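Okay, structure first, notes after.
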2 protein chains.
Amino acid sequence: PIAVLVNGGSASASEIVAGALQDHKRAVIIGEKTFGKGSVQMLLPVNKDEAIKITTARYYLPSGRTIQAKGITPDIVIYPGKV
Amino acid sequence: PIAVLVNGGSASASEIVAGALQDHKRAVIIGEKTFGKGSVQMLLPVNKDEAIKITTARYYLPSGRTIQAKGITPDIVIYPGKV
């Protein structure tokens, strides 16, 4: 058994696991909505000493739905607080 | 699926339904510890018009443990409050 905890501070790779497991029903995502990330920033030179960091592609979760920019909705939504 | 809720104000076949499901893994008891009260009382006549009210037997949960006066310990323990 698995139980992944996510919140508004999770991005990119931490959303791939939290979304591939949820789409495969391999875990229960608990927490809040995740920080929308999931775009790769390829660095390529342009000038002799300067370059550009430009978004090139985005990767989508096993279903097909995209991380940008909705994020992951946990199955059991619960905000942080005292027990 | 089932999800039973119990509280310290439950007893006397409120722990037969909760206890039997818990021992058969048919539900997930949630709440606080129940008020331990398991016993059978009868009114055996002893004299012409005098009788005694004496407990003779209790009911033991499917496992074989007793309700009086341990009660039912929920699998998930929480207390009343605002989420």
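Ordered as shown in the structure tokens, chains take letters A, B, and onward, while each chain numbers its residues from 1 and ligands are numbered from 1 in the order shown.
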Could you give me, as a CSV table (one decimal) with C-alpha atoms, in the first residue's frame, the residues within 8 Å of residue 15 in chain A, counting only C-alpha atoms and dropping anything in the same chain fewer than 5 positions from it?
```csv
chain,number,residue,atom,x,y,z
A,10,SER,CA,4.9,20.2,-5.1
A,34,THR,CA,-0.5,20.9,-6.3
A,37,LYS,CA,4.3,22.6,-13.2
A,38,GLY,CA,5.4,20.2,-15.8
A,67,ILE,CA,-0.5,19.0,-15.5
A,71,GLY,CA,-2.4,20.4,-11.2
A,72,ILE,CA,-3.3,17.3,-9.2
```
For the contact check between chain A and chain B, emit one row per residue of chain A within 9 Å, containing the shortest atom pair and the distance in Å rounded to one decimal, counting only C-alpha atoms, chain then rising number order, as CSV.
```
residue,atom,partner,partner_atom,distance
A:78,CA,B:83,CA,8.4
A:79,CA,B:83,CA,8.7
A:81,CA,B:83,CA,8.4
A:83,CA,B:78,CA,8.6
```
- Query: At what distance in Å, to one decimal, does CA of residue 6 in chain A lie from CA of residue 5 in chain B?
  - Reply: 27.3 Å
- Message: So that I can check the surroundings of residue 43 in chain B, please list as a ChimeraX atom specification every protein, DNA and RNA residue that reaches within 10 Å of it, counting only C-alpha atoms and ignoring chain neighbours fewer than 6 positions away.
- Response: /B:50-55
- Mind the document's chain letters and residue numbers, and return as a ChimeraX atom specification the residues of chain B that DSSP labels strand (DSSP E). /B:5-6,30-31,40-42,54-57,76-77
- Query: Suppose you want the space between CA of residue 13 in chain B and CA of residue 27 in chain B; what is it in Å?
  - Reply: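 Separating CA of residue 13 in chain B from CA of residue 27 in chain B is a distance of 16.1 Å.
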- Item | Å distance separating CA of residue 73 in chain A from CA of residue 30 in chain B, one decimal place |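 Taking CA of residue 73 in chain A and CA of residue 30 in chain B, their separation equals 25.0 Å.
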